[PDB]
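Worksheet for the structure shown next.
Whatever order the structure lists ligands and atoms in, that order sets their numbers, starting from 1. In what follows, chains are A, B, ... by sequence order, proteins preceding strands, each numbered from 1.
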Protein chains: 2
Amino acid sequence: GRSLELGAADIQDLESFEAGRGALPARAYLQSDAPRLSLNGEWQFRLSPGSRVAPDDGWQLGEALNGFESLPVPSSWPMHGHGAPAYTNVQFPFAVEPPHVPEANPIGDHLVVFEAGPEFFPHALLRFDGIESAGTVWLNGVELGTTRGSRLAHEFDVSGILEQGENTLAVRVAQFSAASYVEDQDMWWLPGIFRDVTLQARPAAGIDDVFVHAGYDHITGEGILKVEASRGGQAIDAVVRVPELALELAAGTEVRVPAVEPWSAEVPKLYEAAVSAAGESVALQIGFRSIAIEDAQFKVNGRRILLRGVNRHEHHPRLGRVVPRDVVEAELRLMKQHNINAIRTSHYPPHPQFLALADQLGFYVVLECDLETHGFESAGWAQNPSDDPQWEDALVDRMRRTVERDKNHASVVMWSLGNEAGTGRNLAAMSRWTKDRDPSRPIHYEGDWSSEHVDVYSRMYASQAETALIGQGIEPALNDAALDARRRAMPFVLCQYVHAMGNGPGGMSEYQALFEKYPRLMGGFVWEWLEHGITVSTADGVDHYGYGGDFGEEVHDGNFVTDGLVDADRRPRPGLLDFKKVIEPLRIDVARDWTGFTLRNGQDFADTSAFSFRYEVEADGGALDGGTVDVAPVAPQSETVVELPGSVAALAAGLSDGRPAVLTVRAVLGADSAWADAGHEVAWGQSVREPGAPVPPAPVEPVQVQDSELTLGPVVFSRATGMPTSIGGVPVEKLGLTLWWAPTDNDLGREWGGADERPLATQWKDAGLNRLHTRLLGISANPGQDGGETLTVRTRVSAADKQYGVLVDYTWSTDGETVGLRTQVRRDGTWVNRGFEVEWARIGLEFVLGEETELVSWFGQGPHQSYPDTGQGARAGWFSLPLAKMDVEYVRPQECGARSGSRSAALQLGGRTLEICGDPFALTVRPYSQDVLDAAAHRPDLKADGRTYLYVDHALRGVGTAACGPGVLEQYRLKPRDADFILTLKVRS
Amino acid sequence: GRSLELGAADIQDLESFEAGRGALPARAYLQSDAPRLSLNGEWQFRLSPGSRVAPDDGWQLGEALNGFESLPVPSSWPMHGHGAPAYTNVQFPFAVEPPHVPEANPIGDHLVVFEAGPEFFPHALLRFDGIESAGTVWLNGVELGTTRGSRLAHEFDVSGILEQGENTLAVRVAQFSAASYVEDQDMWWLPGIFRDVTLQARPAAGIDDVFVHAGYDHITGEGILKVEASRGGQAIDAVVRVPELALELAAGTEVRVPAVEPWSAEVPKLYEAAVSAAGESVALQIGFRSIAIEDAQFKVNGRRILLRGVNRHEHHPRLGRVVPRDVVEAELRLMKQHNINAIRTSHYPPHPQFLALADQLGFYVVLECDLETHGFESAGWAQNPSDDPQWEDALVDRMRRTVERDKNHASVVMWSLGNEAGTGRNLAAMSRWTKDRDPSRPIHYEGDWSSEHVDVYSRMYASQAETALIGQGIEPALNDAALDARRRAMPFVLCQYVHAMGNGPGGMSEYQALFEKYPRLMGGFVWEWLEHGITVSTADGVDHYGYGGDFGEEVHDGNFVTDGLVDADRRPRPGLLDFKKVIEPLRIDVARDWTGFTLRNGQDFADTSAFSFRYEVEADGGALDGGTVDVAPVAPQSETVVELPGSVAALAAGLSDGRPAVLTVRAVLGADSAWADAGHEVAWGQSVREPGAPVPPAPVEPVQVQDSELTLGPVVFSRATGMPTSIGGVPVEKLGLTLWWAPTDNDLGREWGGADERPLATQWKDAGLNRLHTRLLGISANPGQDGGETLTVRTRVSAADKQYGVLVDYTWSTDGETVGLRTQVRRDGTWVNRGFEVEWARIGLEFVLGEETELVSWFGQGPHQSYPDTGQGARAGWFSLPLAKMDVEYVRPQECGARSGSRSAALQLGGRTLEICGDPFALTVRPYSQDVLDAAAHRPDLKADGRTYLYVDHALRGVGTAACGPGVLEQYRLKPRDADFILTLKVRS
Ligand SMILES: OC[C@H]1O[C@@H](O[C@@H]2[C@@H](CO)O[C@](O)(CO)[C@H]2O)[C@H](O)[C@@H](O)[C@H]1O
Ligand SMILES: OC[C@H]1O[C@@H](O[C@@H]2[C@@H](CO)O[C@](O)(CO)[C@H]2O)[C@H](O)[C@@H](O)[C@H]1O
Ligand SMILES: OC[C@H]1O[C@@H](O[C@@H]2[C@@H](CO)O[C@](O)(CO)[C@H]2O)[C@H](O)[C@@H](O)[C@H]1O
Ligand code: NA
């Protein structure tokens, strides 16, 4: 007998390999004077759990709809209480059997009534700029068609279906479809109509598409202009006017403009233009720039550029894939404020409004097609859509719509086929189509390392070492001599590098030095701009970001989606502050004698005339001198030495020895720009006169012995433990050696290579570093000075079930006012476990104080955190912060907040102040212990316990980027060693 | 200056390598007529966290004691609210730096006042039978000495210190000491005075020690008797009387008793004897037996024996290491009731009272010395006390006290040097001392595989395969020809095997067959007798067992201490019921034609005269015939064929075909024994006439089609899912294929060997077997019979992110009364993941019923659970249990309760009854889902949800012993395959 199952037809369509049906030809997104009506607003919405249960109750007619409630459109509907967001990284959340879909498939029925006036007749269309993942569209009950390609635009002719007056638009949206198999980006799965819905009139004698060709001849200064215009796919008579250039020309003819000012990210010159036919006029912004690959270099307007980039997803912590325009504008301004000049639209085209902002503010853009089949990799790429002939039309269509929509924007300097889609016939077809359609932009795609169908060689997270070999052109050959010759002639880009998850990223400086040294290196794009945190509100009302698994997912990838330089609300992480410094476009090297500074202009086109150069000398008491210096403009890629005013050097020469003083030279905007105000800091450099080494106090005070306690000046010691119980009145609950920290996200990633691929966090756990214990060996007093004495406490630190340890000796000294503490660490037995060497996170001390800290001040680096392979943006100076603001609000709490390179510190314990001095140490102050920090999965898990946890580290490990990419570089690793270091302590009430 | 730390002297003593000081010579535990006073009772107790804080406040004088509270003695003090028990398996809970102790070291001060009458003067002693781990003893403020060796006895002379009238006994007990390094058994760390404290008078002209030598000459039947007696270490004139043997002899002379009845575990003949001098008489029980190794066989009284053994720890779920005598007696009786004949005192000497019970009830005992340095293995045995000359005196002393205390007991047939202590000089010294002192008992020690200093070759958890090679004497040679020749001449024992943790142990039968086949194989001792569960009581008042980590331990090993054949309260696990059958001492093979049975006497000394042989024929209606048969006694190791009464065969011949009937033949005690009552079952065998295969119902009923539902007889199907929603009125919430079960403890252990060492539980998790999903492919009806039709539902089962799946087709048939269900499974793509083949736990169905089940009945195997490599004790029959009693109360909930080999089943869902028939299937019924079972860490985590979860399995995996030892044997593994199987269903209201 026949079939008896329900919904076979809906499901047959969802499983289709075809692109959408019924849509108009793909075209550019154009600003037109044609009437248009946004249908955005409050729609009606009904959710069904699958296609077999989705009602076929004539709901498209909008009459007697039961089960519908209001929903804003555009929206990601799980951000509004309908289902829940779900995060997977690589793994598909459904069985991998393309093109088939699971039974649990949220079906969202959307409906809106609207009014169409006579200006939309006789011809109009409906435009949808994004539907995830499969839409079926009805107007007044007549099926317009379907949509495939979730971040791509679709237009439907409504001529003869749209009626004057009231109309009813209905859209059935399936979360999962065959397209889901090619939309496996590392991000939240979020169904919805998440971009604009527009009704546009199409008057007769209008303009459907426009293709701007605006080249630049850097030898003559000429612009090369051709503006194509078409209607129904045929070239049409149109007039092109560019008033600023005194130009009137016909569409379709190439002309040479005698002297144009060229467009670049540094100088994003745009000329306002209009293309007009009888019934319609289109407004354009034209930036003249030519892109070329020459001598294995990526060049714009005749010059090799340096990409200073980020990977930009579209995410909002409360609206999902809907990013309000005001947030877009602000975040692009924030990027420019941190010296970013390039953006990759990972991994799909952005909102169409994005490109004009990129044109205007100035970014080199890698516009990527909506294609990613990452989940097929684990099966050896079996059934990969990228190589399956049945998917060719679907994938070419994705590329076509990507290219057509954005082809007029100067800011787009590369087209990208997709991301992590393997290699295959359909990728080659997408490349062939793009090269024929638009030869003016090189093609990018990292998935095929042979680079057979691209114009640049692209890699993700290649090590600093391999990048140096590539920059010199000495990487190993491809097996195919012809392909090897082609790839060696290509410039090289890191489409993703220095993974910015949690504490980090480390190793940015070593990449950047290579970028500057080797012309073949185009630069790199950080993974990634933002964390995809989703706001969650508790009963108390306290908000925190959630991540994978916080929404009930059966399969998920945890906090791997919170991996950005800013949080979901665009608050910078420390890594962004470091990144801005690393990529700063000018290098300022201040002379040790304070007589001047060397200034290198790292820009590619602009000189230094936009910048005001300012100097300031700061000391303990505050600013001693400051001013501005006149710098004759320095050409791009040129260098000069600038004399500073004689007062600065003279000031340096007059400082008594050991008095600390910091000279800072800054390059700030002389005037407001489109992205920041005058005085915004772009680059800086410093020369420091360091404070003298701290003088051990004279051991003049003796030790008082008592039954259970010992006193030495202001320090009171427990006689049973040997550690101090109070010092200057401030209670000390515990003092001991530390070798471990609460693992970062990087420490949770695998150290690939060698026989040991355990994450460092696991190595540490296996080794017992998280659970150290101390045995007291002895306490003795020894002859000091003029009757005084030192107190030596000998301990051994180890962990249960381990034979290795470190002997630790504390030697205390005091003159009644200052406390001298020498600490001496010595290995006892080999620190090897499970057959591998144990590494340390740190060599330091943990003071646990029985009172709360309100304020932390220090002299060293700041204001933000710094670790051995980070902190580039932390500058030398004097800093003071409330305790709450020493912490870093990572979504998963982890080690953070250390201030490396500190020379002195003051903790304000209410009425008293504790001072620490010493040779350079790292400083951390927290109101909770390391075990609470490690145990915490979200920030509300952190609770202050009334104490102060003070960490003084003589040595620190780097943080690296091991969550994805290289671990800590050799020079920053911390292997077990012997070590001795001195501190002074003082309590000033 | 001098030291300033506190408690250095106490700690210096705890770190001492010496044995105890001040104690009398080690001697036997003897029953004497000398006056004795137990000091057991309510003592006063004070706990301090370490030696540096333990008061030196003159507390030993018992006057003005502050901070003391009542505590029972004997006790493990963490079982009474003072600190907490802590469980570690191998790892030490302190840093490994012998002989040093951690700062956190519970110090327990014990004190008791008592009255000593004139019968304890002039000479008396104080006896301590166990202190964990280091005791210091004062009497009336005078230091008697110290104790080392936590499960060993110490006696102190109190002559001249004990006063007539009131006395004050004070004992300072440290949990940790240098001895802790040699007491690293896999068990709870439990400090305390955990065995008897006795005041014993020592009258003049008494007897301090006695050494019984009672040999047996199996050729002549003669006993060989010599009883040594000494005082102050010198041989003394004593008289030895043995009334039953008409003997009066002098101590110290060897005599030949003409005809003794020899002692064995099977026939534990004991002769009452008394050794007496003028001032003291000692009562003895003498069992005559000679032990010998001959022709690579372990022999007793001239014959090779088979050890049917368990490893017996001393544990009580509420008293710790204190085992009440009534529990000891009951558990030994329970052992005999399950055919056990041998006990290893893992891994220390037991309570001294244990040995006379072993003598009397009849066990071959391996008495092990208190020595285990397991925690040194992870460092390559660096610093192992067993090879460190500084520990020689400590370790010889442990062996000396072990041997001296128990040397008079016939039940001790082997001395063991210790457990998991590596190899070393001190072990060799312990062996040398023992061989010189007592050559009558072979020496055992598994730690040194070369067997250089032992008389038997011992291994733990050697595979069934390696055991078969050893039994044939073809294992590989040692590199030292001399040592190889010695070891090849040795018999072989598995001191630990078939690890009994959780569901299991599997593979017992394959070991046992080898034991019977190969004389060199002595048998084996199961690890272990009991689970060390500790009772925990919640606010509700519900008790459950806790394990490692349930008491706040920083380092622990979880539920690896709950790994026994009985729970902590001695309730049998299914593995014990299986074990009893596996080791049954008689083999009964019932003839297929029911005319008789073959009977092999597997005993070593006894014939079959103790046994009554009974038969019974059972059918659906109940017993059809039964009686007793007279078996002329069968000699040990002999065989005969016993005719059954003609009525039984005649009954068999008269059964209509397909009618099920079970013939059972049982060997029960003819009369009460010391360990069970008459009628206790010892062995059994069965012959079954199986029920006919179930007849598919005639497909005479058609399918009614409806908008959303389908009806076929009494089955109602959801049209959207294809699965039934009710059947006979009972609601069905879900039906689907299962391939996975909630991992057992064995499934959580590593499959050593191959490139894949992930535990099967992890293999499953990585593969998605725990999270299967089903896609509906189609539903169609097809021509049945006389207008009826079948309904076929086609599905595919897979998991998210996986390409492999199984196609499943359900074909339904009904004649209105019975429902026929054919299920057909077919692999689609290779079930490979992470580069390794995925194995299945099962091929079955899960019915989730929307109503509760009160009663489960079946015909198959029972009453207890059975899996492919277990269930030996489950016999064929008809069974019925309430739902609660289908479950197995393992401490960590896990897969359990399957009844393999079922042919029919009836679930009573209140007023209705669901019947299932089919070819052999496994049956499981639960009131909670598999995910709740897996998630649960303790039994209170299980919660009934109102449903019934019914599992019908066409195939099951074995359970093995992978938690420690071999995994599932090849023949019981379940690799992916195609499969088809049929069921019938019927609801009788
Ligand atoms: O956050 C990781 C980002 O990097 C890439 O994904 C990573 C791949 C690259 O082959 O390596 C892993 O670490 C393996 O799991 C991936 O996470 C993606 O291109 C980015 O979209 C993003 O996921
Ligand atoms: O419950 C395990 C029992 O077996 C032995 O310990 C195991 C050793 C044998 O070398 O192998 C391990 O599985 C490794 O961890 C141990 O658990 C002990 O002899 C027994 O006392 C007991 O622990
Ligand atoms: O503690 C005295 C013991 O005497 C033992 O036997 C004598 C010892 C004394 O050196 O040496 C022997 O040869 C035994 O090895 C005997 O002559 C007793 O057997 C012990 O029980 C005990 O009495
Ligand atoms: Na165990």
Q: Decide, yes or no, whether a salt bridge links B/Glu183 with B/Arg151 under the criterion of side-chain N to carboxylate O below 4.0 Å.
A: yes
Q.
Side chain or backbone, does B/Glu372 bring an N or O within less than 3.5 Å of an N or O on ligand 2?
A. no
Q: Identify, by atom number and element, the atoms of ligand 1 in contact range of A/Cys964, meaning under 4.0 Å from any of its heavy atoms.
A: 13 (O)
(Q) Checking a contact table here: which protein heavy atom is nearest atom 4 (O) of ligand 2, and how many Å away? (A) B/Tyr461 OH, 2.8 Å
Q) Is it true that B/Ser346 lies under 4.0 Å from ligand 2, counting heavy atoms only? A) no
Q: Just jot down the ligand 2 atoms closer than 4.0 angstrom to any heavy atom of B/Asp563, in number order.
A: 1 (O)
Q: Look up atom 22 (C) of ligand 1 and tell me if a protein heavy atom lies less than 4.0 Å from it?
A: yes
Q) Going by the atom numbers of ligand 2, which of them fall below 4.0 Å from some non-hydrogen atom of B/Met460? A) 9 (C), 10 (O), 19 (O)
Q) Can you tell me if an N/O/S atom from B/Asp557 lies under 3.0 Å from the Na ion (ligand 4)? A) no
Q. Are B/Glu377 and ligand 2 in contact, using a heavy-atom cut-off of under 4.0 Å?
A. no
Q. Do any N/O/S atoms of B/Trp527 come under 3.0 Å of the Na ion (ligand 4)?
A. no
(Q) Is the terminal nitrogen or CZ of B/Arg459 (NZ for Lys, CZ for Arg) located under 6.0 angstrom from the six-membered ring centre of B/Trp449 and within 45° of that ring's axis? (A) yes
Q: Give the numbers and elements of all ligand 2 atoms closer than 4.0 Å to a heavy atom of B/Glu420.
A: 5 (C), 6 (O), 7 (C), 8 (C), 9 (C), 10 (O), 18 (C), 19 (O)
(Q) Under 4.0 Å, heavy-atom basis, I'd like to know which part of A/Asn89 is in contact with ligand 1: side chain, backbone, both or neither. (A) side chain
Q: Assess B/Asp186: does it contribute an N, O or S atom lying under 3.0 Å from the Na ion (ligand 4)?
A: yes
Q.
Is it true that, when you exclude A/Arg834 itself, more than 12 heavy atoms of the residues, nucleotides or ligands shown sit nearer than 6.0 Å to its CZ?
A. no
Q. Going by the order shown, which atoms of ligand 2 are within less than 4.0 Å of some heavy atom of B/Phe560?
A. 1 (O), 2 (C), 17 (O)
